[PDB]
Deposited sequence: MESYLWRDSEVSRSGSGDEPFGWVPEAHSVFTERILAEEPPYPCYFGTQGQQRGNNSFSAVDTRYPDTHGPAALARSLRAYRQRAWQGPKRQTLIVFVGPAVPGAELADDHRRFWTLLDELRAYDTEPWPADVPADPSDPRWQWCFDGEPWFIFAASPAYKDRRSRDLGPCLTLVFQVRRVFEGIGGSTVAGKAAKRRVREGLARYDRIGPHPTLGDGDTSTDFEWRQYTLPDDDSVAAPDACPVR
């Protein structure tokens, strides 16, 4: 019941109630993604926003038993069903709040991995057979509710990689793999997509595309939590589990 379309987010909370900080986080996020000049680097995200294809949820760290990982697992199951109907290019954006002034990027990434770990406990489906369960396997991807996802962390502590600063809260961006159908890495369209996004990053960010994004697949976990510099994590060092 915490899965929201744009028009529903304002009813999340009002004032100091649980989620009372969500409507403002939603507005900061949409302002970032819809900004005109320079445009947000990912036109897919911008187009998804414009087309009503982004859904939202939240975690309120003050109330983990009612507004935390158990509820987010329910929201994610509902989102997964939604993501397989209508437009292929949908995204779920989950704000984790209230915001913590001065948090370091490493702290927000720690919080990200901890939240994924807490979700695994609430998964009602077995881990997919086509995906290795061992997070040190080159082919590991995070899975939930019977399928792999692409998931990444955004944080206000991304100072140079501004594309990943979506507002004052740690923000989790979830997609089922369906979003990439038609823009695989070998495809003409997929190469054009990476060109276009990376041109956008070269007009928006203070640091270029991270090496773990590739030239334009092993150890995808490193993409979930890009650093703010050119450091490259050890491949077998995924924090999950």
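Asks: Which parts of the deposited sequence lack C-alpha coordinates?
Replies: No coordinates exist for the deposited residues in 1 to 2, 219 to 221, so these stretches are absent from the model.
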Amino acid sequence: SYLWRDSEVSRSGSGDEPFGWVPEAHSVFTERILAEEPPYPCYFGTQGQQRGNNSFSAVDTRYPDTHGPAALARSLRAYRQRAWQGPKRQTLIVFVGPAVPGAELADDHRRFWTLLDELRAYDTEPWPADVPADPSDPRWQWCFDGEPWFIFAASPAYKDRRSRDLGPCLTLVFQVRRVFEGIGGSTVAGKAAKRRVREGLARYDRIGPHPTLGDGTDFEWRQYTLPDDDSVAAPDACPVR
From here on, numbers count along this sequence of modelled residues.
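Asks: Out of 159 to 167 and 129 to 137, which one has CA B-factors that are higher on average in the deposited record?
Replies: According to the entry, 129 to 137 carries the higher average C-alpha B-factor.
Asks: Would you determine, from the values in the PDB entry, which of 150 to 158 and 104 to 112 has the greater average C-alpha temperature factor?
Replies: Stretch with the greater average CA B-factor: 104 to 112.
Asks: So among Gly216, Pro209, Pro69, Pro41, who wins on Cα B-factor in the entry?
Replies: Of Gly216, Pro209, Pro69, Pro41, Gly216 has the highest C-alpha B-factor.
Asks: Maximum C-alpha temperature factor per the entry, among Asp60, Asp65, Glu31, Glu199, belongs to which one?
Replies: Going by the entry's C-alpha B-factors, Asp65 comes out highest.
Asks: Ranked by Cα temperature factor within the chain, is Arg203 in the lowest third, the middle third or the highest third?
Replies: Ranked within chain, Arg203 CA B lands in the highest tercile.
Asks: C-alpha B factor of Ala193, ranked within the chain: lowest, middle or highest third?
Replies: It falls in the bottom third of the chain.
Asks: Tell me, lowest, middle or highest third: where does the Cα B factor of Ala35 rank within its chain?
Replies: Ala35: CA B-factor falls in the highest third of its chain.
Asks: Please place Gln175 in the lowest, middle or highest third of its chain according to the CA B-factor in the PDB entry.
Replies: Its C-alpha B-factor belongs to the lowest third of this chain's values.
Asks: Mind checking which third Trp142 falls in for C-alpha B-factor across the chain?
Replies: It falls in the middle third of the chain.
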